[PDB]
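Below is one structure; the comments refer to it alone.
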Amino acid sequence: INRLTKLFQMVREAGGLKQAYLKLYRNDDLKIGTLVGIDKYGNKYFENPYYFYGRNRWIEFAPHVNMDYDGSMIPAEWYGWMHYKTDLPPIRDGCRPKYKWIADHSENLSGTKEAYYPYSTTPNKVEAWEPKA
Amino acid sequence: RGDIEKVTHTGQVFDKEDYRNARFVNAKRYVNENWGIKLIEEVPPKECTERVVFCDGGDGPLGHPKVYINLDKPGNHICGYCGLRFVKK
Amino acid sequence: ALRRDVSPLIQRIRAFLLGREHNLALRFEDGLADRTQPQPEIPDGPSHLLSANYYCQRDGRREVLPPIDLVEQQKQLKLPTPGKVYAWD
Amino acid sequence: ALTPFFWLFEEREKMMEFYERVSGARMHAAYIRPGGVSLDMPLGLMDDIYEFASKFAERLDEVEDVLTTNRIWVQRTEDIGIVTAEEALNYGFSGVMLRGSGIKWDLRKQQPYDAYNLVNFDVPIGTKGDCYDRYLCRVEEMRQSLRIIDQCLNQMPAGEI
Amino acid sequence: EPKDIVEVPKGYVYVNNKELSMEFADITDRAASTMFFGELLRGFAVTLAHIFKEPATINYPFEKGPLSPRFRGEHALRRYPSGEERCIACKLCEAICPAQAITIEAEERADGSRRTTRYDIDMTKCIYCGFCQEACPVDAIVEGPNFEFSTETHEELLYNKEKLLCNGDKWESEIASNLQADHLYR
Amino acid sequence: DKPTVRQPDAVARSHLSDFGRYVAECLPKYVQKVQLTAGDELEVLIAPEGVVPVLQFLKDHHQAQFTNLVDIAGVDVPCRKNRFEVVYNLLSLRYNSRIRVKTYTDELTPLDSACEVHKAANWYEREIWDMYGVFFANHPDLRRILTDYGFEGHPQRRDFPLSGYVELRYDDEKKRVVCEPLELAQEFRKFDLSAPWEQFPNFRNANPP
Amino acid sequence: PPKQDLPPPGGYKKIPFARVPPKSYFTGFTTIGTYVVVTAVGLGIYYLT
Amino acid sequence: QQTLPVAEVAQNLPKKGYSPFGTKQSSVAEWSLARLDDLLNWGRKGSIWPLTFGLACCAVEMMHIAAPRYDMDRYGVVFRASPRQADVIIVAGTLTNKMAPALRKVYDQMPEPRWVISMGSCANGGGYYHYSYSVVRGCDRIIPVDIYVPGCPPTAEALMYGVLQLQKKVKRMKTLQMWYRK
Amino acid sequence: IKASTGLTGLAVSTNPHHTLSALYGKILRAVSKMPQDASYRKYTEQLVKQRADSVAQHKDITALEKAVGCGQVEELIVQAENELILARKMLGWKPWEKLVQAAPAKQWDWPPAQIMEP
Ligand code: SF4
Ligand code: SF4
Ligand code: SF4
Ligand SMILES: [Zn+2]
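Protein chains in written order, with the authors' numbering: chain q, 7 to 139; chain R, 33 to 121; chain r, 3 to 79, 92 to 103; chain D, 201 to 361; chain I, 32 to 217; chain C, 45 to 253; chain Z, 9 to 57; chain B, 40 to 221; chain V, 5 to 122.
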């Protein structure tokens with residue numbers, strides 16, 4: 007009866023029908039939310055209590071990805087906030103550590119030249135006698 | 033690539049002639065760069081005055097079991113669990 | 003306002019169909035309890051007392067005895095039924 | 201029939217959040233242990249257990265409307281698979297199969313082993329021993345179990361786990 | 032209301048006990064439904080009513096969860112804030128692992144600290160029970176929040192220490208937050 | 045006075061003790077021994093031949109009315125000469141009680157089937173034959189129920205290796221799955237979970253010769 | 009502020025468990041009576057057509 | 040492990056594009072096949088039909104993927120019964136020896152192109168019963184496996200993430216583009 | 005007359021007083037054939053009298069069930085039909101005799117496999 011007024015609004019922040027369509031084509035949904043924060047890699051995190059619990063907090067993947075978005079691109083900083091483990095975004099909590107050995111996030115790399123492959127981590131135990139010397 | 037010949041902190045590496053490197057032609061060999069032996073060595077020792085002190089890993093219930101160390105000897109003393117060093121002067 | 007629900011007209015229509023006022027199944031942040039809660043202070047046990055708590059009394063494992071032989075333990079010392099009658103009908 | 205599967209597995213999904221929230225796994229909690237459960241319930245769980253229970257009656261009514269009185273449902277179940285009472289005992293039957301055919305037997309009442317002593321609830325019984333009444337027993341068991349939670353949530357003491 | 036064929040004792044509920052009335056007022060009522068699909072009518076009202084509800088679907092992966100801090104997922108070897116690995120090769124985790132999914136070989140390190148030269152978890156044998164993280168006396172091994180690590184090869188599911196250590200660095204921030212918010216219960 | 049220790053149910057203990065003796069008089073030919081377990085559960089150790097008689101007596105007698113047969117568990121003990129023991133768990137709805145009947149048999153000697161008394165033992169006996177190799181005479185049709193077709197051996201005997209002798213794999217030459225001698229990538233790592241100090245002194249001198 | 013998950017002061021409200029049947033609008037006579045009327049009018053309009 | 044690009048570095052990277060083959064084909068014939076190869080992959084990617092195997096207690100979590108919370112059907116995934124119409128098989132549970140010939144046959148009857156998903160530890164490597172006398176130590180001993188979903192059971196999202204990996208694996212097949220070189 | 009037994013597949017009994025009386029009468033005859041010192045003969049003979057007289061003493065089945073307890077009259081018949089089978093079968097087994105099979109050594113020993121020091 008009055009969802010159009012919401013619908014027009016979604017366009018305005020979207021940037022006109024042209025950017026609205028690309029948003030719909032990408033996220034498969036148009037939703038109103040407040041930008042909670044931005045991670046190191048460009049993903050923008052939104053929140054709106056209007057929606058029900060599961061759909062309450064959502065993420066916009068970085069534009070350059072454009073269709074390779076994965077569930078595994080979420081860095082550990084925001085990971086808890088995104089799965090409702092906490093109600094406190096990383097900006098609003100000071101209990102996060104900043105150790106020097108922490109590593110930047112990475113995808114799950116499978117079927118790729120960058121994948122994992124196991125190997126025994128122990129050098130061989132028995133030494134063979136060398137005849138040459 | 034570089035990673036194949038890299039030697040891990042545990043001291044293992046496949047010889048350049050060993051066939052087992054074949055597994056890495058289509059994958060990578062992550063060798064961790066944050067070697068614990070060097071990071072703990074970096075942290076300086078803690079000077080104390082009392083004859084015996086305790087280390088619990090630094091965060092009580094989130095650390096390791098509380099162990100007491102005796103500082104009578106000259107050399108700085110290592111904690112069994114965390115590796116931190118203590119010294120009395 | 004606070005709930006993303008369909009317009010008033012459809013709510014009446016939906017209410018008519020179900021034959022009963024409807025409570026929305028979907029959970030909303032307001033109904034639930036906050037995901038970051040204060041930390042607990044779980045109570046102790048009955049046997050955290052500091053005295054008169056000898057394990058030799060509290061322990062149950064060392065009190066079990068072997069099976070008792072019914073026929074012999076008389077010799078050394092209404093018809094019967096396995097238990098009490100029940101009306102399973 | 202398809203819809204009852206989805207209307208109920210939506211509630212089933214909510215229920216396995218409580219498994220996930222206390223044990224850490226949605227299934228195979230590995231929570232109950234010989235000394236009692238392995239951890240205390242998280243703070244604020246019981247409020248959400250209540251919230252689920254308060255709404256679960258409505259969900260079961262809607263499925264009941266579409267299934268219980270459905271003419272087709274009765275025909276697909278009524279007088280199919282009759283279990284006479286004397287047959288059941290000889291077979292090692294138990295549970296709803298035993299109570300489907302009119303036997304008044306429920307281990308919670310006869311040989312109580314937990315707080316079942318401290319709660320009061322009914323037991324559903326069926327007279328015809330067919331699929332249909334056995335189905336009704338399962339639905340009725342879900343009503344009574346929802347009654348037990350009403351007493352557990354209120355009578356829970358504070359103490360060691 | 033009709034009567035009950037079998038009188039009911041206390042603490043028992045019957046499902047098919049009421050008999051069928053034979054008054055014309057009731058027979059016609061049953062007849063009308065049996066004759067104009069009356070029972071099925073309300074069944075159709077209910078299903079149509081569900082068209083006018085917000086569906087409960089979640090737009091994964093953009094929206095996902097919810098979970099709890101106790102969630103058991105992929106493994107990771109933590110380390111102290113100094114950077115030193117927490118694990119001291121006590122081997123409690125190996126002994127308790129129900130699936131025998133853990134293999135550890137330990138050796139006196141160069142600096143003389145008890146440490147592992149090997150720590151392998153066979154993720155295709157683990158059951159994600161979580162006994163390993165309960166048994167570790169120094170919280171070295173934890174089941175991290177990650178549950179999205181499906182691979183395209185069986186071999187990639189066998190984690191060695193370097194893989195496990197990498198996870199303990201990629202996921203360090205979130206694990207340290209879960210332990211803090213959960214250790215008191217445990 | 046002590047909460048951790050479980051409280052014994054004396055009233056249930058009292059009835060089972062007396063009724064335990066009662067069975068001993070009614071069936072002298074078969075009842076070797078009657079004992080009340082520490083769990084306040086009654087066990088009736090019978091001779092191998094007294095299976096069908098004793099089971100019939102408990103099901104039909106007014107006082108017993110153990111109408112419901114719940115289980116038939118098999119236990120293998122290589123130490124004993126009659127290594128295989130068979131345990132029946134019966135339930136009496138009318139009297140609200142449980143009783144256990146145990147019997148012993150060798151690898152070869154058959155054990156009289158009790159399908160007659162309680163024909164709930166149609167499959168339970170089939171399982172016992174399959175798992176342990178105890179044959180049941182007069183069974184309707186004895187046949188493996190759990191293991192694979194043509195599976196050789198009886199897996200649940202203590203003298204059977206945990207992993208079995210043969211694995212399965214698919215062989216694209218033969219266009220079918222084939223069985224090969226077992227070959228495990230990682231052995232089953234034993235753990236020696238043996239305590240060097242006895243903890244339960246009550247059972248040190250138990251069972252005099 | 010409780011330090012353990014416990015029922016609130018005074019306890020939760022009673023949880024509905026009983027079965028509530030939906031609204032009934034039609035009886036045998038009203039259903040049979042309406043149909044005849046509807047058919048009769050239907051024939052009446054059919055004749056004019 | 041290759042870490043993700045930083046925002047500023049990523050702020051310059053061009054938009055990825057849909058096709059994994061890019062629009063850098065030298066000839067018209069190659070380029071048409073590349074685009075035509077996308078059309079196949081778009082088709083097969085869209086509608087992946089599992090077989091409804093459901094062996095063991097992973098099977099329950101294979102129902103909740105079809106439950107309204109996650110709704111496999113949103114992605115074009117539709118359960119089916121006959122292996123002829125089924126395109127993917129989700130071996131979810133402990134494949135015992137007695138089953139093993141039955142899975143092989145059911146897999147064989149599935150028409151190409153067929154992809155297999157391994158759910159849970161049981162089907163991955165024998166899982167909790169790895170050493171049992173009557174368990175096939177992983178279904179890869181019997182049929183080729185294309186995705187391994189770890190867990191016990193895998194979470195519903197975990198399987199969903201697995202399915203999306205299979206879509207991406209399907210998306211990058213080179214069935215046509217490699218015929219040209221052949 | 006009970007409208008229904010309440011149990012599926014169990015029919016209401018006509019003249020339960022007669023059917024019980026015959027069955028108890030039959031049992032005492034089968035039991036009589038057993039040796040006097042047999043403990044089973046002493047118990048059922050004592051028992052069946054306690055059931056038999058109550059059947060004749062009471063003429064109202066509802067009163068009969070209270071007087072005997074132990075379930076509905078239909079079940080009372082079902083019970084009685086059994087001890088005929090047991091008593092008849094047991095005249096063949098002769099259980100009152102001495103122990104048929106002397107127990108082997110260590111055949112009921114728990115825990116197993118321990119050295120016994122003479
Ligand atoms: S979660 Fe359980 S099964 Fe998995 S590695 Fe840890 S202890 Fe072993
Ligand atoms: S229990 Fe912890 S400290 Fe001990 S070996 Fe395992 S990971 Fe290392
Ligand atoms: S992997 Fe775990 S959840 Fe899946 S079937 Fe095996 S035991 Fe069950
Ligand atoms: Zn320390």
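Idealized CB from N, CA, C, for every residue including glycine.
Proximal residues to residue i (C-beta, below 7 Å), its chain only, five neighbours per side dropped
i       : result
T214(B) : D76 and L79
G69(I)  : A63
Other residues of its chain near residue i: CB distance less than 8 Å, five sequence neighbours each side excluded
i       : result
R61(R)  : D35, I36 and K38
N64(R)  : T40 and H41
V210(C) : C223, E224, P225 and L226
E169(C) : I116, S157, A158, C159, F180, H183 and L186
Which of helix, strand or coil DSSP assigns to residue i
i             : result
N270(D)       : coil
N133(C)       : strand
residue 24(I) : Given a span of 32 to 217 for chain I in the structure shown, any question on residue 24(I) remains unanswerable.
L13(q)        : helix
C80(R)        : strand
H109(R)       : strand
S208(I)       : helix
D215(C)       : strand
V209(B)       : helix
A131(B)       : strand
Buried/exposed call for residue i, threshold 16 Cβ in 10 Å
i       : result
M79(q)  : buried
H22(V)  : exposed
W305(D) : buried
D104(C) : buried
Neighbour flag for residue i against chain I, beta carbons, 9 Å
i      : result
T38(r) : yes
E23(r) : no
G10(V) : yes
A7(V)  : yes
Contact set for residue i: own chain, Cβ-Cβ below 6 Å, skip 5 residues either direction
i       : result
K192(I) : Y150
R142(C) : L135
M111(B) : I104 and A105
Interface flag, residue i vs chain q, CB-CB below 9 Å
i       : result
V119(R) : no
Contact with chain V by residue i, beta-carbon distance below 9 Å
i       : result
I280(D) : no
Residue-chain proximity (residue i, chain r), Cβ-Cβ < 9 Å
i       : result
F178(I) : no
Within-9 Å CB hit, residue i to chain D
i      : result
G13(V) : yes
Any chain B beta carbon closer than 9 Å to residue i
i       : result
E133(q) : no
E120(q) : yes
**Asked** Below 8 Å, can you find three or more Cβ-Cβ pairs linking the segment 54-65 of chain V to the segment 22-36 of chain V?
**Response** yes
**Request:** Mind the definition here: the segment 93-110 of chain C touches the segment 146-163 of chain C only if three or more C-beta pairs lie below 8 Å; say whether that holds.
**Result:** yes
**Message:** Three or more C-beta pairs under 8 Å: does that hold for the segment 141-159 of chain I against the segment 181-192 of chain I?
**Reply:** yes
**Request:** Check whether the segment 294-308 of chain D touches the segment 104-119 of chain I, taking contact to mean three or more Cβ pairs, one atom from each stretch, closer than 8 Å.
**Result:** no
**Prompt:** Does the segment 233-246 of chain C come within contact of the segment 62-77 of chain r, defined as at least 3 CB pairs closer than 8 Å?
**Reply:** yes
**Request:** May I ask you to verify whether the segment 25-43 of chain Z touches the segment 6-22 of chain r, counting CB pairs closer than 8 Å and requiring at least 3?
**Result:** yes
**Message:** Quick check: the segment 180-197 of chain C against the segment 159-170 of chain B, are at least 3 beta-carbon pairs closer than 8 Å?
**Reply:** no
**Request:** Give a yes or no on contact between the segment 92-112 of chain V and the segment 58-77 of chain C, applying the rule of three or more CB pairs nearer than 8 Å.
**Result:** yes
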